[PDB]
């Protein structure tokens, strides 16, 4: 007997234009491809100023290259009261700022690379580095492990 509700996972970065949209889109497609239906994906940026903007060109290009849709995905601020079942931050500043913005957070908060065998702890911000391929590789290194963790933790059907 499985839990028959949805669970919500949010990826969170600074701008909600580079890292977390990329992760959101990859995760959504991966769940579709794995025939998993009870996980809903979101993203936020702790510091998004211009709200409602599409992802950075570099993220759109990587997603387009790999035929991953991002229709309707736009920048959204991590709100004073935002909370999700699972919150997956990109770097330490994101963790710190999430906890400062919402000290009442009830969901489980992780860094993306906790689900990865890569030695790195934090996903560098390609707003500066322009290394969108590296970010893509980091998300791929974590994605199925993250899915598996949530399916088991939330007692969901696969």
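Positions refer to the first chain, counted from 1.
Legend: mean Cα B-factor per stretch from the PDB entry, 115 to 123 versus 34 to 42; the higher mean is in 115 to 123.
Per the deposited coordinates, the residue with the largest Cα temperature factor out of 60, 94, 67, 48 is 67.
The entry lists a Cα temperature factor for residue 77 that places it in the middle third of the chain's modelled residues. For residue 98, the recorded CA B-factor ranks within the middle third of the chain. Only modelled residues enter the ranking. Among the modelled residues of the chain, residue 130 sits in the middle third by CA temperature factor in this PDB entry.
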